[PDB]
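Protein chains in written order, with PDB author numbering: chain E, 1 to 9; chain C, 1 to 241; chain A, 1 to 241; chain B, 1 to 98; chain D, 1 to 98; chain F, 1 to 9.
Heads up, the beta-carbon is just placed ideally off N, CA and C, and yes, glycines get one too.
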Amino acid sequence: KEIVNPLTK
Amino acid sequence: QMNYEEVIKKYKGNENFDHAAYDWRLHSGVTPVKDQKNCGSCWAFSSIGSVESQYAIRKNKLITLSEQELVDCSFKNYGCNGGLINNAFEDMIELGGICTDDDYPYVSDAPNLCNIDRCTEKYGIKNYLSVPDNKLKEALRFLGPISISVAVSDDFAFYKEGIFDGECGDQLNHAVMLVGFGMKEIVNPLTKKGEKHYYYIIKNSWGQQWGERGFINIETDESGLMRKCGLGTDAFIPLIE
Amino acid sequence: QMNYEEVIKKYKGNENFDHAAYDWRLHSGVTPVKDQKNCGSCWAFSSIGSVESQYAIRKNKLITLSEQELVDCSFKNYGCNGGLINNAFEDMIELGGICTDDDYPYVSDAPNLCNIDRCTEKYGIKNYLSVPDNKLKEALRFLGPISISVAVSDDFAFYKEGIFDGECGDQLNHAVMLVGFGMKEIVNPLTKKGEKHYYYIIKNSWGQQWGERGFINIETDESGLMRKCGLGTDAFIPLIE
Amino acid sequence: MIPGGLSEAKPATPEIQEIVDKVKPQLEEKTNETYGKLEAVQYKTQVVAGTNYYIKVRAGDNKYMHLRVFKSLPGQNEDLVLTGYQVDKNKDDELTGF
Amino acid sequence: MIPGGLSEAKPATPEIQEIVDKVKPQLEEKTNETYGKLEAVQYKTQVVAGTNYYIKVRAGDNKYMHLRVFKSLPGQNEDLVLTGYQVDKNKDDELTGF
Amino acid sequence: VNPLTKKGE
Ligand code: NA
Ligand code: NA
Ligand code: NA
Ligand code: NA
Ligand code: NA
Ligand code: NA
Ligand code: NA
Ligand code: NA
Ligand code: NA
Ligand code: NA
Ligand code: NA
Ligand code: NA
Ligand code: NA
Ligand code: NA
Ligand code: NA
Ligand code: NA
Ligand code: NA
Ligand code: NA
Ligand code: NA
Ligand code: NA
Ligand code: NA
Ligand code: NA
Ligand code: NA
Ligand code: NA
Ligand code: NA
Ligand code: NA
Ligand code: NA
Ligand code: NA
């Protein structure tokens, strides 16, 4: 899933 | 520090400390104000506002949670043109809680969609919600908000900048937060049921520059059970702790 | 014409997947429910909702498409006494586009007419594919909401906020859509047992007055074929992409 | 062989001979006769955003009809209405309307 | 009644008719119908930042019509403008949303 | 009347 290392900002 | 009922010789009581009143946006309360904007979705505001306000009250957490995540999808409510408070937070004990502010706004509902399993962050609730008029005699003996209903005689939004007294609208039209109760003076009596100086501060979802700058004071009795406007009908208290 | 021989291949072909609950409606893809109202046209809603859906689920540009440029522009389908989503799909793949919902309005059972050059909106599909009876908990998940058909009981028309634990029709004479599924932790009316009941989120072409917002929920399990009213026999979907 | 529409005919239930009785309450649109309610023969049904139960009836000098009646959805009050009515037909020619 | 919604329709009094004339100024620069003055005989009202009126007006051959506006909140003259356009929509759309 | 009804002596 997208939890810590995946997400962008 | 020692604030209120303390037996010192012989008599006691049951956490019944004053039978008086002070307002609860001043002693740990209240979240900012918001405009409803060609959308009548006041259920959303009051409901998700109570979650966020109980945050800033229960925990000193301060969440300014959004409104177009139960008005982009609560597929159990009927749009920006519908929705209740009887069950307006029971759709956030099944959604994970609504997605929050500063990563999502409200956008007026030009026909739109949901963005709910998009975010990394959510803040939701654990406990349920229903305040009886037998808990609106001490109303805010929780030290926290309520989500009662108000009918509008349309002599309501009249920027009275002050107080309104009278026989209100017809059906519980709009949804109104309870930011507390105030107690200015007590009855200055008349032939029967004299002048009410006592008051009830309640936030609103209409606008930010309206009356008492986003709020509306109304007219309670010593207790809170002899008003009109049908307030005390639909009170709910969304909690997470 | 075409089918799941070379089409699912890219999405859940070359890849296998998994889930228990995935609604393309809490997922920035589905569009509004509308009505048919005494005109024998249930098929128009399914088709035009279908094309709305995929445009917004792919390039996320919303369209509300029109069901009056269909019902009276049927060249191979029937009209305001009945019709076939199988071929309403294809009458669209010979025209050039469907008018937006408010570029060609809707009436009811009242004898109106059809024009296709009161538009420049080219809201069309390059082709469409046919979806089997069996794969319908994984057809609404990677390939989009499939324009299904349902049966009608006189129990069906009566709704509430719940899952259907009632009987069904004497034939499969209706047309709806399927958006998704999910799982709900529950109790036993007599026990304290870990009963987990599965559902199917479908849309409807009856009023957005219907309890779960034109999304009524019926019996299906993790098998995919516990259908209590035959949800998935006619269930094909259009292919804008 | 059609998803969503009409269905080929049927003999009779008397609970669509409750909607035929409501014919006289939903006439004086263009009726022109004195028939103080019409007497029924056969049955038909449709399934749209309501149960639009179809039914036909009789008259004075024995000329029949094919109507487009409408019951209500699970909504507001007891309304039964008239959408499209007609007359001067035979018992062998049966119910229609598009 | 509904927080954010309403209840059934109310009898058309001349004040929603003055809101009508304001709606018709707006209605004619982008409506194919080079419009004008109309006649109002139905409505419903809502609890929004404003008062979200609907105006059932009659027009056309035999169809009818419907619209949306809001008496704004008492900021300054309540100078209502649009928020909905559904032209020549019958008297039987249950007082719609635009 | 029973929110702190301290009746009696
Ligand atoms: Na990246
Ligand atoms: Na923080
Ligand atoms: Na409950
Ligand atoms: Na999750
Ligand atoms: Na008034
Ligand atoms: Na005092
Ligand atoms: Na009295
Ligand atoms: Na009550
Ligand atoms: Na083949
Ligand atoms: Na090929
Ligand atoms: Na052709
Ligand atoms: Na039945
Ligand atoms: Na039944
Ligand atoms: Na009910
Ligand atoms: Na059973
Ligand atoms: Na058992
Ligand atoms: Na038993
Ligand atoms: Na046969
Ligand atoms: Na019976
Ligand atoms: Na009888
Ligand atoms: Na004769
Ligand atoms: Na015809
Ligand atoms: Na006036
Ligand atoms: Na124009
Ligand atoms: Na003229
Ligand atoms: Na406008
Ligand atoms: Na005593
Ligand atoms: Na003593």
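Alpha carbon to alpha carbon, how far is residue 70/F from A88/C?
-> Missing from the structure shown is residue 70/F; chain F here goes from 1 to 9 and no further.
Which word fits residue 242/A, buried or exposed, when buried means at least 16 other C-beta atoms lie within 10 angstroms of its C-beta?
-> Within the shown structure, residues of chain A are numbered from 1 to 241, placing residue 242/A beyond reach of any answer.
Leaving aside the five residues before and after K71/B along the sequence, list all residues of the same chain whose C-beta is less than 8 Å from its C-beta, in chain order.
-> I19, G50, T51, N52, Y53, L80
Mind checking the region 163–174 of chain A against chain B and listing, in chain order, the residues whose C-beta falls within less than 8 Å of any C-beta there?
-> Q171, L172, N173, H174
Any idea what DSSP makes of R58/B, helix, strand or coil?
-> coil
On the three-state DSSP scale, how would you describe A139/C?
-> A139/C falls in the coil class under three-state DSSP.
Could you name the residues, in chain order, whose CB is less than 6 Å away from a heavy atom belonging to ligand 24?
-> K30/D, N32/D
To the nearest angstrom, report how far apart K22/B and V47/D are at their CA atoms.
-> 39 Å
What is the rounded straight-line gap between the Cα of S28/C and the Cα of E185/A?
-> 37 Å
So which residues on chain C does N62/D lean against when the C-beta distance must stay under 7 Å?
-> Correct list: empty, because the minimum Cβ distance to chain C is about 28 Å.
From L136/C to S108/C, what distance separates their C-alpha atoms?
-> 33 Å
Please report the Cβ distance between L67/D and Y85/D, rounded to the nearest whole angstrom; I am assuming they are in contact, meaning their Cβ atoms lie under 8 Å.
-> 7 Å
Determine the burial state of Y4/C: buried for a count of at least 16 other Cβ atoms within 10 Å of its Cβ, exposed for fewer.
-> exposed
Using only alpha-carbon positions, find the residue among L62/A, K228/A, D117/A, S130/A that is nearest to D170/A.
-> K228/A
Among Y200/A, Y11/A, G49/A, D103/A, which has the Cα closest to the Cα of residue 243/A?
-> Look at the range of chain A in this structure, 1 to 241, and you will see that residue 243/A is not part of it.
If we ignore side chains and look at the alpha-carbon of each, how far apart do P238/A and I98/C end up?
-> 33 Å
Is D170/C near ligand 5, in the sense that its beta carbon is under 7 Å from a heavy atom of that ligand?
-> no
Which residues mark the beginning and the end of the alpha helix (DSSP H) in which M92/A is found?
-> 85–95
Is it the case that the CB of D88/D approaches a heavy atom of ligand 21 more closely than 7 Å?
-> no
Is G124/C near ligand 4, with its Cβ less than 7 Å from a heavy atom?
-> no
Per-residue contacts from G40/A into chain C (C-beta, under 9 Å) | By Cβ distance, chain C contributes nothing, its closest Cβ being about 27 Å from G40/A, past 9 Å.
Using a C-beta to C-beta distance shorter than 7 Å, which residues of chain A count as neighbours of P105/C?
-> What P105/C touches in chain A: nothing, since even the nearest Cβ is about 15 Å away.
Which stretch, first to last residue, makes up the alpha helix (DSSP H) that contains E52/C?
-> 42–58
Comparing the CB of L190/A with every heavy atom of ligand 17, is any distance shorter than 7 Å?
-> yes
Under a criterion of Cβ closer than 7 Å to any non-hydrogen atom of ligand 11, which residues qualify, in chain order?
-> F75/A, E94/A
Is there at least one Cβ from chain F nearer than 8 Å to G232/C's Cβ?
-> Not an interface residue.
Listing by chain order, which chain F residues have their CB less than 7 Å from the CB of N14/C?
-> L4
Determine, using beta carbons only, whether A235/C and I93/C come nearer to each other than 8 Å.
-> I93/C sits away from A235/C, with the two beta carbons spaced by 8 Å or more.
Identify the continuous beta strand (DSSP E) that holds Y198/A and give its terminal residues.
-> 195–202
Pull up the DSSP beta-bridge partners for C80/A, would you.
-> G82/A
Could you check the C-alpha separation between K196/A and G182/A for me, to the nearest Å?
-> 10 Å
Would you please verify whether the beta carbon of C119/C is less than 8 Å from any beta carbon of chain A?
-> no
Confirm the yes/no value for this check: CB of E15/B, any heavy atom of ligand 19, distance under 7 Å.
-> Yes; taking the cut-off as 7 Å, the Cβ of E15/B has a heavy atom of ligand 19 nearer than that.
If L129/A and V7/A are in contact, beta carbons under 8 Å, what's the gap, nearest whole angstrom?
-> 5 Å
Is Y11/A helix, strand or coil by DSSP?
-> helix
Below 7 Å between beta carbons is the criterion; list the residues of the region 36–67 of chain B that meet it against any residue of chain A, in chain order.
-> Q46, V47, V48, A49, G50, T51, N52
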